[PDB]
Amino acid sequence: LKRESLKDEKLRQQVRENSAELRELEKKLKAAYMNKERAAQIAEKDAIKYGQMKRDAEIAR
Amino acid sequence: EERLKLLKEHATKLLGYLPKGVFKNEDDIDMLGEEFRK
Amino acid sequence: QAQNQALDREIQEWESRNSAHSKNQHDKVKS
Amino acid sequence: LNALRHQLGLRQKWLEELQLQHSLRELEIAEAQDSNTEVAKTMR
Amino acid sequence: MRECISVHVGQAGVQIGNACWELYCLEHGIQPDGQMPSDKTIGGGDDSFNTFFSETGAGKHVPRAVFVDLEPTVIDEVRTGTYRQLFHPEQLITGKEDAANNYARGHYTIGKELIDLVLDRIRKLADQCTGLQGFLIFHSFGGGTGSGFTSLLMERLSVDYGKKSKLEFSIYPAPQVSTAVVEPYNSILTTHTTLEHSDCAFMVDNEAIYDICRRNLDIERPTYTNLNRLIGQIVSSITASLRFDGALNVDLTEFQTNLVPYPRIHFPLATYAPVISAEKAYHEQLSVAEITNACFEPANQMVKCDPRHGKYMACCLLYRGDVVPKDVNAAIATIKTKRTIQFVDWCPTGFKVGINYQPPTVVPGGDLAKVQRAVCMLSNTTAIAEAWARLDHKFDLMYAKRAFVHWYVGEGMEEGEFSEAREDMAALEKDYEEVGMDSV
Amino acid sequence: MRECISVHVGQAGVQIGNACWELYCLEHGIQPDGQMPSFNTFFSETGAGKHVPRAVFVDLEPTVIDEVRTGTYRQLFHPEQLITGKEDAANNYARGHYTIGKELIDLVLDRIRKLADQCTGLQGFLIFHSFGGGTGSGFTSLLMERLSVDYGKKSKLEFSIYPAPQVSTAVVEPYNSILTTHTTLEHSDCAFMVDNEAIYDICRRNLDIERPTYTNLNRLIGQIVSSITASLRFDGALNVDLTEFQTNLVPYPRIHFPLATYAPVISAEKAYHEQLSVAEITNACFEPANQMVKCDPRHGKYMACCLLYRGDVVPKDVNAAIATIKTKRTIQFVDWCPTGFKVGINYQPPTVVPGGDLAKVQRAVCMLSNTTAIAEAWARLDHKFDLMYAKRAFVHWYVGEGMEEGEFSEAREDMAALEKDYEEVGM
Amino acid sequence: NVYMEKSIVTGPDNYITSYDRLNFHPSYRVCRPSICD
Ligand SMILES: Nc1nc2c(ncn2[C@@H]2O[C@H](COP(=O)(O)OP(=O)(O)OP(=O)(O)O)[C@@H](O)[C@H]2O)c(=O)[nH]1
Ligand SMILES: Nc1nc2c(ncn2[C@@H]2O[C@H](COP(=O)(O)OP(=O)(O)OP(=O)(O)O)[C@@H](O)[C@H]2O)c(=O)[nH]1
Ligand SMILES: [Mg+2]
Ligand SMILES: [Mg+2]
């Protein structure tokens, strides 16, 4: 059971680091991860600038 | 199937932020998310 | 003031000569 | 006069830029002969 | 793999740019977000975006277009409108203060400041570009930004790249009713910077758009929006073969050795024959036999120059749609045997044909109807010298009293440079006379 | 085994460390607290999941550290490691080296041994400071000298802030910076230098942020101090140890002052429209404006360049990109260095700091080059010294305080050499 | 007598001047660098 479970996982690894088609798709799935965190960074900079616009009105009031 | 496991696990969360050449051969999405709107 | 535009004539000589050097790639691909 | 001396100050500051793009360009153009001749030595 | 660069200069650069880049994004799939639609994403089966649009790895298509002017009051609506995020934000260059509608500000006073910045945005684009098919200059001969900035562009672009084709797009003033007073001073001198520093420069007038809207489009109040839409269509018509395949494909390198015999006569007309409203396309049948006949009609022209007193010396045809080349060959032969259409004796061939398969696309809210086929008509008629003959006299009348010249010479202009601009244009008035003369 | 131990000293130095450990913590997983919800290099394990840091922040005067230990990342730093004092060195190399430093000279030294002994294979040190004030001048030297013998030969790297051209938050700045050179010169290994006037601009020219503070700049300094240590921490292809950087960037002995320039420093809005590829990134670090030191490369000659590429860069495009920059004539490379391009592709895309100022780039580069252009810099700051020293201004304190005027003359001749010694490297 | 010379390019970046040109954000380009045109 340890023998055959090691067999499949690491033959899966052999075709994982050798096949360029997988690496072509592995590159862009992290580029998809980038678009999520970029838009999270887009949404955060509007949220953080909402922090001082109430502060700017507070010190003026 | 190594594509299949990779598209099952690192693609479902990434629904609108997806890149271009990911789902070749339309039937890939039919074995995935239920509405999914490509 | 006199020094200030005295350099400008220098600048303009050194400017239009820069317009002239470009007037005066293949070394890869072709060669 | 201080603003005029300040406005003077940006001018030879800008002149130093022109001499630099000058000297970069003779280095860029005199060499092109050398690379032309170096390839020509292979060519001949 | 073929691809091009489209630079837009001035307010008159960006109003077509707002009315032509919305065409290109609707040409294949592109949203005003730069994102290709989700049911185009499957397999990546489209290379007909690469000519005009680049591609970051994420999936947003960024355009090869730099929008530069000295008026900040017209690009700010692009930075505010629907196409805020399509255009790359450092590729839209704006000055604080306008070019004051005079060439001396746009070429010597302030136009020297922004030129080295926009060369770097050109070699932005050319370095991403494997083989540049050509550039597409967009401006107008109105005033400072449209004529001064582009003419110092023309001087710097011709020396940066050299042996490289480059099309040009500029509207032209009126014979009768112009909208600017100091404008006729510009067109004489900016041609002097265009004769030897431009590959080819099209003939388009906004007044024919007004009259085409009168007779063909059947629309009251011809605005400036639908005016740029037709010239938006016509850049798509000449460059359709860069994106899509055809029976007779034509690249932009084909075009320069196709129309001009002399390196200083690069001045062709450019009309679009199947221009028609929604209601009137319903009754006229549009085969290639009769829409080619509508190309040569003086009413269906582009510049206020009747071609019946001008000799056709070169032409090229670009056909889009379900175009069968045999009925092309029948339609051109009827034009050749037509006596009232005249030619030049040294050019017995005359015409060049180019075929594309895809039909034209119609903007929603637009006046043009979905026509089954389209024809683009491009000729350098010798009758265009009469336009200069009606323009140089307007220049000479204002120069006789030396009016409106203190604004020029104040902003670092020389008085003698206008005289050699006139003296060179005196050769052009003789150049068209010595080309159309019959061989002896 | 692969281990590091910094000595952040001086208001700037410490503030620099603050932002740095923020990214350090995130890179691994350490929560502000210090407990986790391939790191030894910067975080030391303990009993119950607690990865405490491995530095020894100093500061002859209180303040700074006060908040440092009662704010945000409060628990993490070990009560001891944080060493304060009870008064400032008032921008006086004297006070910092021969008057108020002594007091803490041992407390840091002893605390340091602890961190040292604990680890097993410290690849080297990382004294981050700022030539501008006593502690960041006198003490820093006082520490490096004693450390030279108490820890033996060992990468004595240092990333400090060298006085910028026009901008100058200090009047006696010249004296302190020049007086601190005669020390490190022999007791250093690689003074990765970085200014402020340039880091402000780079944060406006490329980051579109005007009115910038010292915090945004701190984050940037970090990204650099991460790529210089990423090859030792996370994994990847070609990798570079602190030992290597030395025998690949420091050509002759005295000549030991490399520059630095992160590359994909782009905002988010701008990135969505602009790709970033091994080529572009590299083809943009050699530019004369992405430099973190106002010293312009063009005005000199590249003697070496270590291009670290913390990112998913493929070990092929990099070779091609380097070949290009090589054949350009513009970027001049001295003949003595026929090659002149160290690489290093770590496979850990750079991390994004919560509410920071940079956009996550799949690929990033930090080329630390050695150009005779730092020569120009030294001379300009040197000029100021000569003037202030000609009228023996601000010497009333400095000298009459705990030091002799001899050093004020020695530092000169020695510096006069460094600049002359740089010139010969070119010829 | 404090005053800052205003830019002409209307962006927050691109601090350009009629006498200080060559002062803007250096370029994306794949093949060559900024200073080797
Ligand atoms: N084709 C087309 N032309 C237009 C449109 N709107 C304005 N124009 C033309 O633009 C011309 C103005 O010329 P320019 O002097 O170049 O105006 P500009 O682009 O702002 O340049 P400057 O005035 O120098 O700043 C007018 O003569 C109009 O005919 C349009 O929407 N489509
Ligand atoms: N990059 C960066 N530089 C800083 C920061 N804070 C201060 N500096 C620079 O460091 C200088 C101030 O540090 P020092 O003058 O050395 O002050 P100090 O280290 O406390 O030394 P003393 O003045 O004797 O107390 C300023 O001139 C800044 O240029 C920062 O947060 N980031
Ligand atoms: Mg105007
Ligand atoms: Mg202090």
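The numbers used for chain F are those of Swiss-Prot, and the residues that appear cover 1-37, 48-437, in sequence.
We read in the header that electron microscopy, 3.5 Å was used to get this structure.
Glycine is no exception: its Cβ is also placed from the backbone N, Cα and C atoms.
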Looking at the candidate ranges F:1-4, F:211-214, F:287-290, report the one that Swiss-Prot labels motif 'MREC motif'.
F:1-4
Quick check on the binding-site residues: of F:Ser140, F:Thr145, F:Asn206, whose CB has the lowest count of neighbouring CB atoms inside 10 Å?
F:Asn206
Run through the motif 'MREC motif' (F:1-4) and tell me, per DSSP, how many residues are helix, strand and coil.
0 helix, 2 strand, 2 coil
Provide the three-state secondary structure of F:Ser140 (GTP binding site) computed with DSSP.
coil
Per the record, GTP is bound by F:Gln11, F:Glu71, F:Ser140, F:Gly144, F:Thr145, F:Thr179, F:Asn206, F:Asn228: how many Å separate the farthest pair of Cα atoms?
23
Look at the recorded positions F:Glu71, F:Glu254 and tell me which residue has the greatest number of other C-beta atoms within 10 angstroms of its C-beta.
F:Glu71
Among the binding-site residues listed here, F:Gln11, F:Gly144, F:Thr179, F:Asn228, which has the most company in the form of other Cβ atoms within 10 Å of its Cβ?
F:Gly144
Should we count any of the recorded positions F:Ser140, F:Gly144, F:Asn206, F:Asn228, F:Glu254 as near ligand 2, judged by a CB under 6 A from one of its atoms, and which?
F:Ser140, F:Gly144, F:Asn206, F:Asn228
